[PDB]
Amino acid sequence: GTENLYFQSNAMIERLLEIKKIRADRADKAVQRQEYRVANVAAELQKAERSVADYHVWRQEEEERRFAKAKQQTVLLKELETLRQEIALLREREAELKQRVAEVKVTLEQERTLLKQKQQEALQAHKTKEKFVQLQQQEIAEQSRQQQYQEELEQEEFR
């Protein structure tokens, strides 16, 4: 009947601790999911690089074929310019492909940066959980120390 405040103290603490454990798990899971996002973007990067590498080879060839046709045929002006536009389009497509790689690389350093923040939060969530684990052990130590002292006095009610 008070100190029955230790029954409350300990329940408030257990519940707080449970909340902090829950926040720590959530923090860990946020990391795991973030590791997935990183791996996923890296895979996309890998594909994007493969695409430019491949395209680049055709683009060079396709461009040389068109310069050759234009040189080795005294072709008329608008065909000469249709060939120059084809080249432009071929090059724009490569530019788009190189742009995608750049964009994905930025995305990847951004995901890695977020992973880093998530890890920082997970670490803090864990430091906080442990802190509440200690508070709990202390609260139980006090309650325990209290309960013993009473008992040592109760012995003076018998022998």
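One rule holds for the numbers: they count along the sequence shown, beginning at 1.
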Task: Residue range whose averaged C-alpha B-factor is higher in the record, 15 to 23 or 133 to 141 - done: 133 to 141
Task: Mean Cα B-factor comparison, 148 to 156 or 1 to 9, giving the higher one as deposited - done: 148 to 156
- [ ] Compare the C-alpha B factor of residue 112 with those of the other modelled residues in its chain, then answer lowest, middle or highest third.
- [x] lowest
TODO: Grab the CA temperature factor for residue 55 from the record and place it in the lowest, middle or highest third of its chain.
DONE: middle
Open item on the list: Ranking the modelled residues of this chain by C-alpha B-factor as given in the entry, is residue 102 in the lowest, middle or highest third?
Closed with: middle
Task: Chain thirds of CA B-factor: placement of residue 70 - done: highest
